[PDB]
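Report on the structure given below.
Every chain is numbered from 1 and lettered A, B, ... according to where its sequence line falls, protein lines coming before strand lines. Note that these values count all heavy atoms, side chains included, but never hydrogens, waters or copies made by symmetry.
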Amino acid sequence: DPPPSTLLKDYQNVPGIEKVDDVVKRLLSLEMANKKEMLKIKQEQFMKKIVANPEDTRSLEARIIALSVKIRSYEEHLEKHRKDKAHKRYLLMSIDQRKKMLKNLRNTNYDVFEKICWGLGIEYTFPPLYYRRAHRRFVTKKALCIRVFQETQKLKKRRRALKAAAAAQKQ
Amino acid sequence: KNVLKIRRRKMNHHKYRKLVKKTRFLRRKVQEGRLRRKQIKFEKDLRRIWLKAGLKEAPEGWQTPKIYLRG
RNA sequence: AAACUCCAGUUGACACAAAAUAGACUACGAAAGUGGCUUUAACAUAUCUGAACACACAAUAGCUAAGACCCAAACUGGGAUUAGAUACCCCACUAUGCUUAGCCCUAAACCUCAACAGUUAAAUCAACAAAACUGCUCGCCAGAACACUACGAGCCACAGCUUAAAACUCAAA
RNA sequence: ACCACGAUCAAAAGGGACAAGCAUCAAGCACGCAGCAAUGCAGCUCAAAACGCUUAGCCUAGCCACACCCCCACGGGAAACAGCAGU
Ligand SMILES: NC(=O)c1ccc[n+]([C@@H]2O[C@H](COP(=O)([O-])OP(=O)(O)OC[C@H]3O[C@@H](n4cnc5c(N)ncnc54)[C@H](O)[C@@H]3O)[C@@H](O)[C@H]2O)c1
Ligand SMILES: [K+]
Ligand SMILES: [K+]
Ligand SMILES: [K+]
Ligand SMILES: [K+]
Ligand SMILES: [Mg+2]
Ligand SMILES: [Mg+2]
Ligand SMILES: [Mg+2]
Ligand SMILES: [Mg+2]
Ligand SMILES: [Mg+2]
Ligand SMILES: [Mg+2]
Ligand SMILES: [Mg+2]
Ligand SMILES: [Mg+2]
Ligand SMILES: [Mg+2]
Ligand SMILES: [Mg+2]
Ligand SMILES: [Mg+2]
Ligand SMILES: [Mg+2]
Ligand SMILES: [Mg+2]
Ligand SMILES: [Mg+2]
Ligand SMILES: [Mg+2]
Ligand SMILES: [Mg+2]
Ligand SMILES: [Mg+2]
Ligand SMILES: [Mg+2]
Ligand SMILES: [Mg+2]
Ligand SMILES: [Mg+2]
Ligand SMILES: [Mg+2]
Ligand SMILES: [Mg+2]
Ligand SMILES: [Mg+2]
Ligand SMILES: [Mg+2]
Ligand SMILES: [Mg+2]
């Protein structure tokens with residue numbers, strides 16, 4: 001998070017803000033504001049770091065950054081409010097909306113898609129092909145089928161050496 | 001609208017709940033028997049897999065769990 | 001009538017309960033829900049549609065464990081009524097309603113009216129209800145009853161929930 | 001006739017296409033790829049219906065399949081009209 005001494009986004013570009021009293025600097029810093037003012041500072045840092053035009057807010061890049069800041073605020077809220085079902089819904093929906101944005105950005109501007117993933121630390125994932133419950137019977141059988149395959153591969157290798165050894169004895 | 005269709009369903013449900021309550025000890029013995037055959041049918045399916053693949057016994061260290069018990 | 005009679009009235013001290021008036025307002029939330037006060041956090045998405053099962057929720061009742069307990073109150077007990085009264089009426093009291101941590105996953109969960117976009121002209125339109133329509137998409141329906149059932153499958157559910165037939169029967173519903 | 005570097009006809013092999021009902025059959029369980037090889041990678045099919053069960057000869061100048069049964073027929077069971085007439 002930005003330091004508490006950081007000035008608000010509105011008072012950071014007023015002339016002479018560095019020569020005011022220390023008390024005036026506290027009243028205009030993040031320490032004396034609500035958390036939403038701190039999120040506007042985080043959003044500004046990501047823009048200058050990632051997007052080419054930090055002033056264009058309607059581009060698909062700015063939207064992914066703005067939504068990524070909201071997602072982080074929901075995660076911090078839920079870390080303290082674990083039974084808040086309403087905000088748990090807002091988090092999961094926001095993550096879905098960002099994935100849809102990333103999908104559209106990956107399809108249209110790959111170079112910008114790579115810089116967004118690096119800048120925000122997002123690990124893009126492709127959706128599953130099928131949506132179906134993995135109940136106990138299936139989970140158990142799938143584990144057994146993988147063990148059976150692993151054991152058959154070992155027996156097929158031990159049938160190569162014996163055949164190779166016997167072939168050399170003929171010579 | 002009248003509630004004649006609801007009333008037919010109402011009596012059906014009442015008589016069903018009463019039947020289940022009257023025979024809940026027989027049904028509990030039947031349910032137990034079905035879950036056993038269900039576990040056996042599941043063990044046969046896994047055994048069919050490793051036998052058809054050429055193996056003679058279950059893979060080393062495999063134990064078919066009981067996936068239908070209350071525990 | 002039973003019940004109480006360490007009962008009742010005034011006065012003072014005094015909640016892990018419930019939130020007159022405002023509200024003739026019609027707001028918030030995806031729905032379920034939300035109307036005492038304060039503060040913190042906080043109410044997704046710059047195209048739309050998109051799921052019984054994926055993902056996350058979901059009144060009341062109910063289950064498991066530990067607490068609180070004013071009042072209410074299934075069950076149960078007592079009183080009365082009655083041909084009988086396992087009720088309706090009166091009294092008492094419990095599970096339960098509350099908190100915490102997990103489950104359960106249902107409703108006439110209905111404003112019985114799907115989401116989005118558009119129209120008020122033409123034929124306005126079976127009836128009633130809350131006027132009649134267009135485009136587009138998803139979901140769903142095809143006589144009644146059997147059937148919120150049987151079987152199978154899944155599920156922390158073991159008298160449960162979800163999905164859900166057929167045979168016999170009728171010429172109606 | 002015989003060769004036909006051909007035509008006609010048409011197997012095997014490779015690619016593609018090709019019935020119905022049931023999803024209360026929802027997962028299949030090795031079903032892929034690379035490499036000259038050694039071997040390496042962990043993939044392949046599937047609600048646009050895989051896998052499975054049940055029904056049925058078909059798309060009729062005709063075609064397919066079968067030919068007592070064990071899909072086949074060395075072998076075995078056994079001793080064969082689903083050729084015509086006939087019982
Ligand atoms: N089954 C899948 O996971 C899957 C995959 C690709 C596309 N779809 C699409 O989903 C729609 C519903 O398919 P169905 O009729 O076979 O489903 P269905 O309702 O019969 O459900 C069968 C399975 O698919 C899942 N499913 C249901 N609706 C889905 C949806 N909208 N998207 C993804 N999965 C869904 C269910 O959870 C279940 O596992 C169709 O439009 C289909 O093209 C489904
Ligand atoms: K109040
Ligand atoms: K319902
Ligand atoms: K209603
Ligand atoms: K044959
Ligand atoms: Mg009426
Ligand atoms: Mg009935
Ligand atoms: Mg009022
Ligand atoms: Mg949508
Ligand atoms: Mg569906
Ligand atoms: Mg449901
Ligand atoms: Mg609930
Ligand atoms: Mg409770
Ligand atoms: Mg009381
Ligand atoms: Mg109590
Ligand atoms: Mg309270
Ligand atoms: Mg309601
Ligand atoms: Mg819809
Ligand atoms: Mg019917
Ligand atoms: Mg029901
Ligand atoms: Mg049922
Ligand atoms: Mg059952
Ligand atoms: Mg051929
Ligand atoms: Mg389906
Ligand atoms: Mg069935
Ligand atoms: Mg098939
Ligand atoms: Mg046949
Ligand atoms: Mg014969
Ligand atoms: Mg033969
Ligand atoms: Mg003959």
Side-chain angles (χ1 to χ4, degrees), chain A residues 33-39 56-64 66-71 73-104 127-153 156-157 160-161 164, chain B residues 1-6 8-35 37-38 41-42 45-46 48-55 59 67-71:
Chain A
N34 59 16
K35 178 169 182 175
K36 284 178 178 62
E37 292 296 345
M38 184 277 293
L39 300 176
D56 182 7
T57 61
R58 284 199 63 183
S59 68
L60 190 54
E61 306 82 43
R63 292 167 52 190
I64 292 168
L67 184 53
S68 300
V69 174
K70 278 186 179 174
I71 286 170
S73 70
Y74 295 148
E75 291 175 348
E76 291 169 336
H77 174 92
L78 288 165
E79 189 174 356
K80 182 181 181 302
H81 304 275
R82 292 170 180 170
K83 284 189 166 186
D84 189 337
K85 304 299 183 175
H87 285 84
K88 183 169 180 178
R89 170 171 173 270
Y90 291 129
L91 174 60
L92 293 173
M93 288 197 303
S94 296
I95 287 169
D96 284 1
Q97 291 307 126
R98 185 174 66 179
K99 286 176 181 173
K100 189 190 291 182
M101 289 175 180
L102 287 167
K103 181 187 69 174
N104 295 331
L129 286 165
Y130 296 93
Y131 301 83
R132 49 194 170 185
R133 164 157 173 74
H135 48 72
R136 283 189 188 82
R137 172 169 49 82
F138 170 79
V139 170
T140 305
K141 180 173 179 179
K142 189 67 186 182
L144 182 277
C145 295
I146 285 169
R147 293 288 298 102
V148 169
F149 173 77
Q150 291 171 353
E151 296 294 318
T152 54
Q153 294 295 97
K156 287 175 181 176
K157 290 189 176 183
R160 291 177 178 176
Chain B
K1 55 177 291 193
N2 62 76
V3 300
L4 287 173
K5 296 176 187 171
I6 291 171
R8 180 179 295 107
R9 277 172 52 92
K10 184 173 71 67
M11 181 52 61
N12 287 345
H13 190 66
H14 169 70
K15 293 178 68 173
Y16 178 72
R17 298 314 314 168
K18 213 174 186 177
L19 177 64
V20 171
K21 176 178 184 180
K22 179 181 178 181
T23 63
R24 67 184 185 275
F25 291 111
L26 172 61
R27 301 166 71 91
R28 186 170 184 176
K29 182 180 181 179
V30 172
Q31 182 63 12
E32 182 180 7
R34 290 182 187 174
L35 296 177
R37 294 190 297 274
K38 204 172 175 191
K41 176 170 177 174
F42 175 62
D45 186 72
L46 304 191
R48 177 186 60 82
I49 293 290
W50 72 62
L51 289 178
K52 186 175 179 180
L55 306 183
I67 61 170
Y68 297 118
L69 301 183
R70 195 167 195 177

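- Across all strands, B:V3 comes closer than 4.0 Å to base atoms (heavy-atom distances).
- Annotation: C:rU99 and C:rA68 have their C1' atoms spaced 7 Å apart (nearest Å).
- Base stacking between C:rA42 and C:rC43 is present, with six-membered ring centres under 5.5 Å apart and ring planes under 30° to each other.
- Judged by distance alone with a 3.5 Å cut-off, a donor-acceptor contact links the side chain of A:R132 to the base of D:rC46.
- For the pair A:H87 and C:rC43, the ring geometry does not qualify as stacking, because the centroid separation below 5.5 Å and plane angle under 30° are not jointly satisfied.
- Within 4.0 Å (heavy atoms only), B:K29 reaches no atom of the nucleic acid at all.
- Along RNA chain D, the nucleotide nearest to A:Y130 and the one nearest to A:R133 differ in position, and the one closer to the 5' end is contacted by A:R133.
- As judged by a 4.0 angstrom heavy-atom cut-off over every strand, A:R147 is placed among residues making no nucleic acid contact.
- Taking the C1' atoms as reference points, D:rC33 lies 26 Å from D:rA17, given to the whole Å.
- Using a 4.0 Å heavy-atom cutoff across all strands shown, A:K83 reaches sugar-phosphate atoms only and no base atom.
- Across all strands, A:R137 comes closer than 4.0 Å only to sugar-phosphate atoms, never to a base (heavy-atom distances).
- Under the rule of centres below 5.5 angstrom and planes below 30 degrees, the bases of D:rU55 and D:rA56 are stacked.
- Residue B:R48 is classed as a sugar-phosphate contact, given heavy-atom separations below 4.0 Å to backbone atoms only.
- The aromatic ring of A:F149 is stacked on the base of D:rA30, with the two ring centres less than 5.5 Å apart and the planes inclined by under 30°.
- When the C1' atom is used for both C:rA3 and C:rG78, the distance is 9 Å, rounded to whole Å.
- At a threshold of 4.0 angstrom between heavy atoms, the contacts of A:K142 include nucleobase atoms, whether or not backbone atoms are also involved.
- For D:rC31, the base adopts the syn conformation, since its glycosidic angle falls within 90 degrees of zero.
- Distance check on atom P: C:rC133 versus C:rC55 gives 43 Å, rounded to whole Å.
- Here the separation of C:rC90 from C:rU81, taken at their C1' atoms, is 11 Å to the nearest Å.
- A Watson-Crick or G-U wobble pair links C:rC25 to C:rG35, both relevant atom distances lying under 3.5 Å.
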